[PDB]
Each structure stands twice: as structure tokens, then as C-alpha cells.
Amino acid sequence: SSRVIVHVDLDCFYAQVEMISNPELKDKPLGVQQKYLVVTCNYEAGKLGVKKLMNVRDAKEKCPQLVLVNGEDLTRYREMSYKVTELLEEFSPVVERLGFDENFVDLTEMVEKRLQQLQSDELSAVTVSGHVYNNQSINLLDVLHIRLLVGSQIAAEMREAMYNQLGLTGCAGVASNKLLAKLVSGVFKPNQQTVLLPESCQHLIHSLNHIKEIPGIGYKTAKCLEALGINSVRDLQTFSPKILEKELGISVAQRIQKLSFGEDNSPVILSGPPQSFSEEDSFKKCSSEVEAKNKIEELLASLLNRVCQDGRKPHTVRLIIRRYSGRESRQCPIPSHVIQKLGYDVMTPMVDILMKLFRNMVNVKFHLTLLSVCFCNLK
């Protein structure tokens, strides 16, 4: 009952796409910028001291020759993301999306088929593809080792098909659950892959230096844990289950403490088509209801094109704003006749609705720093 899971994360995703569009960027330190944030950078810029999510001020301070490309339009990145996901769905149907650039694939059934097609003379010729975490020795008589090696071969075929068909590189990790497959994928970067044999699990789990590095333990949970003297993976491993339950609830406590041991029972879920579409816009200041109406119009145009391309109709609309110096949202169902009309001047009705919601949140009789629109409840 031991699964084989692969996790794939693309190398400097946005920067890789922009480097594909303009090959002249391939040999220069490249950073992809959104507002005042260098959201990612190619390997050249990373060598010169630029890091992901660094200030544009600090990024040019570390590397003044940095070339900057605007990436506030995620259209290309989204297209390429779904091409990667589809290509992986060619291998096994059940592919889970995390972010635009990460995918889990459950290789168990495929691995089993490959092993059944094999015979004894070949069964000793099974070899790993890529790195083995911690240089750990392979025991070809351990069925888990054999299955994970086959999983590494499948992962290699996946990366190669990604480069040949899509011109994209990434790192893969092969393990027995999603947490470990994600934790081991980034050990060797970029454009490499790593397989984790069971014997090294604990090693991996103890190579982390704080609990926030565990997928599942975010900012709030991390701060609450720090408030209890829990700072290492082993602190959380050994901490009292009961105090943990009282401090975080039963759910969070049991899940994250089981995560501290490298145990992740969660299955790989079919992500399928998106559950929502949304567009954002940030600014230093918004003070005019007419200006807010214009920005909202902008968001609506692109969202309408996207939904029209999708072929499904959203049955709920949401408006989100941020106030000066928290985020607030109002949503409502989309009228049925507008839903059927999708594909007339749908603009005007939609703008009227979202303006009504806006007035519900804001008093025209202000200073806003974020306007966002969402289409959810897709059919």
C-alpha cells in the first residue's frame, strides 16, 4: 500500500517563459517584475545575487545591469502551465496542480504495470534516473526501492517530454507521499531530479531548519508554534499532542504533527479545469468612483475573454478591495439571462452589478490600494 508519487516544479517559471519568447534575454541577467517586486529571475541574475520576491530597488542594487520584463499579465504563464499539466495527464490521468508551476502525479499504477511487464533477468538491471537522496545505497531486493526507481525513470521521461514538446525545464522528486515528493524535488536545482528511499525520510525531514519550511504550516501556524517554544522539526515531533490540539484545534494539530514525521496520507486529486477565474490590479491610490469604475471595466474585459474561451459559465461574481493602511469582498449570483448571453453587451450589466457591490463596500459620499474581480461557481 506504498504509493509512488512524483512532484514537478518548473525552473524560474516566468523567467523561463519570457526567455522563450525573447531569446535575447537568455544570455543576460533577467528578472520578471510585478509592480515593485522582482517575482523571479533566471539563473544568471541569481548568480549575481538577485533572489525571488526581492525589491526591484534591492534587485538593481545587487545587480545594476539587471534586465527587467513586466510580468503583470499572467496569460502566457497560464497557457504554458496548462500545457505542462495536460502533457503530464498524458502519462497518468490523475494530476494535481499546485500553483502555476507545480504538479503531483500518482505513478503507482503505472509503476506496477511496468514491473509486471518486466522479467527476472531485467529486474536486476533496474537503475535509478537522476540523484538518489543522501547517496543512499539501493537494495534491488527491496520492492519499495524497485518501485521508486521505476518512478524515477518515469519522472525522467516526463522531464524529457516537457523539454522536447514544450521547451521547458524543471525539477522532479519521487517519493511515497506528496509531502516527501515535494520536499525532495528541490534538493538538486535546477533541471535535476531526486528520488527518496524510505530509509532517508527522517534525514530529509530533519534537514529543514524551521517548521515554516513544511508545506502545510504557513505564517500564522508558524507564529503560533514559535509562541510555544516549538522551533525545529523535532520540537514539533516530540511536543505534547494535547497542548497542540488545544492551541490549533484537532485538525491542524494532528495534520501538522503527522507532517513533522514525513507522513502524508492525502491522495493526489484531479485538479481538472479551474474552479475560478480572477484578475487583480494594485495601485498607490484610488480616490475616484469613476476611476475605480474604469479599472473594474478593465478587469471585466479580460475576464470576459477568458471565460468565453473556456466554454463554461460562472454562476457567481465577486469584487474584492483593499483599504488604506485587510481585504474586503462582496459577491452575488450572476443573473441567468446574462449567463446565457455569455459568448450581447454583457459589459454594461456586469459593470452595473459590480458598481452596486462596490458601493456596498465603499461610501462615495476614499483611498483604495487593490481592486480585484472573480468569476466563481463554474458550470
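We number the residues from 1 along the sequence you see.
Undergrad: Classify the number of deposited-sequence residues missing from the model between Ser325 and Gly326: none, 1 to 3, 4 to 9, or 10 or more.
TA: The entry leaves 4 to 9 residues without coordinates here.
Undergrad: Take the C-alpha B-factors listed in the entry for 157 to 165 and for 108 to 116, compute each mean, and give the stretch with the larger one.
TA: 108 to 116 has the higher mean C-alpha B-factor.
Undergrad: Could you settle it for me: does 192 to 200 or 205 to 213 have the higher average Cα B factor in the PDB entry?
TA: Comparing 192 to 200 with 205 to 213, the higher average CA B-factor belongs to 205 to 213.
Undergrad: Can you pull the Cα B-factors for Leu319, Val351, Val32, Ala45 from the entry and say which is highest?
TA: Checking the PDB record, the top C-alpha B-factor among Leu319, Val351, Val32, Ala45 is at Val351.
Undergrad: Just grab whichever of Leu244, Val268, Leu140, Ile230 has the top CA B-factor as deposited.
TA: Max CA B-factor in the entry, restricted to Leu244, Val268, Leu140, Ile230: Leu244.
Undergrad: If you rank the chain by CA B-factor, which third does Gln257 end up in: lowest, middle or highest?
TA: Ranked within chain, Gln257 CA B lands in the middle tercile.
Undergrad: Could you tell me which third, lowest, middle or highest, the C-alpha B-factor of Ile20 occupies within its chain?
TA: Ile20: CA B-factor falls in the middle third of its chain.
Undergrad: Lowest, middle or highest third of the chain for the C-alpha temperature factor of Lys182?
TA: Lowest third.
Undergrad: Taking the C-alpha B-factors as the PDB entry records them, is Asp101 in the lowest, middle or highest third of its chain?
TA: It belongs to the lowest third of the chain when residues are ordered by C-alpha B-factor.
Undergrad: Relative to the other modelled residues in the chain, which third contains the C-alpha temperature factor of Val6: lowest, middle or highest?
TA: Lowest third - that is where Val6 ends up once the chain's C-alpha B-factors are sorted.
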